[PDB]
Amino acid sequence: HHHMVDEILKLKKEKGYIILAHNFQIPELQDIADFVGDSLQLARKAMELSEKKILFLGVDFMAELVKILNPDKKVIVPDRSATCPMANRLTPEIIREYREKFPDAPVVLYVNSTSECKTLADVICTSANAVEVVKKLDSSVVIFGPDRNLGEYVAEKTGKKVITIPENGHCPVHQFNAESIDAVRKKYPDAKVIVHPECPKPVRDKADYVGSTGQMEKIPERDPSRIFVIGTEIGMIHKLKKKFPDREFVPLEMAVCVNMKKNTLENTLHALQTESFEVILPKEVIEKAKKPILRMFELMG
């Protein structure tokens, strides 16, 4: 690890790579990254860079997001199989089926979606902006995927009708038990519970705050509470504890995204040695997927 970390830092400098790491990476990889953040934060950061080579540490749809918004940069990932099972359950066939049945409902796709699915979306959204995006659409009905929990949250906050696809679209990592909140309230009476909107409704409704990872790291800037209980993937505990060393961050439960943990010091070192595996999308996919991303930027403009 001493070897691997030094060799990584050496090869990144030597070959002109910037390392971008998602919040759900292992701490060792967060610590060697130039920037750690959420998928949109990392894509927007990449647009600002003078460097034309990126080593991306996350899962495929996010690396592809970076590539869509930075087509002329070389983007490589250490494990080409790192993917989002939830994203992968939504298909072009299901989107087209639902557009045909509800032709007046805009297709709002969570950024946790395949690039192919993005080519068919009317607008992209993040967990932070989903409510605001859906509020600003003309329609009082939207098609939303692939996360049924976030879709239902959006319906609650907007009062709009949200038709969720696919059937039972969810993120296994965020299926905490509401009983975990009951238990931490007893154990740390003054702790603030922050959970993800991908969490099920009973968990959301028992939390002090519901928010994206990006929103979670901003809450201690306005809430002086000593202890925060965190209902997301375990990588966020490391991120939060680094940003706010003066507070305590307690996992609601241990929750690990197996795909996020496919990236390691070893295979990150192999990626810089070989300059593989490059993220390549057909130009047509990039052009089409860009349209609902730009719409998102326009709506949040």
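Start at 1 and count along the sequence shown; that's the residue number. We call the rigid core the largest set of C-alpha positions that still match within 1.5 Å between the two forms.
Of the two segments 242-250 and 37-45, the one whose CA positions lie farther from the displayed form in 4 other deposited structures of this protein, once all are superposed on the rigid core, is 37-45.
The rigid core fit leaves 47-55 as the farther-lying stretch in 4 other deposited structures of this protein, judged by Cα positions and set against 47-55 and 63-71. Stretch comparison (12-20 versus 283-291) by mean CA B-factor in the PDB entry places 12-20 on top. Look at the mean CA B-factor for 106-114 and for 176-184 in the entry; the higher one is 176-184.
Among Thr126, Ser140, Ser81, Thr119, the highest C-alpha B-factor in the deposited entry belongs to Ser140. For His196, the recorded CA B-factor ranks within the lowest third of the chain. Only modelled residues enter the ranking. In this PDB entry, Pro220 carries a Cα temperature factor that places it within the middle third of its chain's modelled residues. The deposited CA B-factor of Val210 belongs to the middle third of values across its chain.
Among all modelled residues in this chain, the alpha-carbon of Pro202 has a temperature factor (C-alpha) in the highest third.
Sorting the modelled residues of the chain by their CA temperature factor places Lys242 in the highest third.
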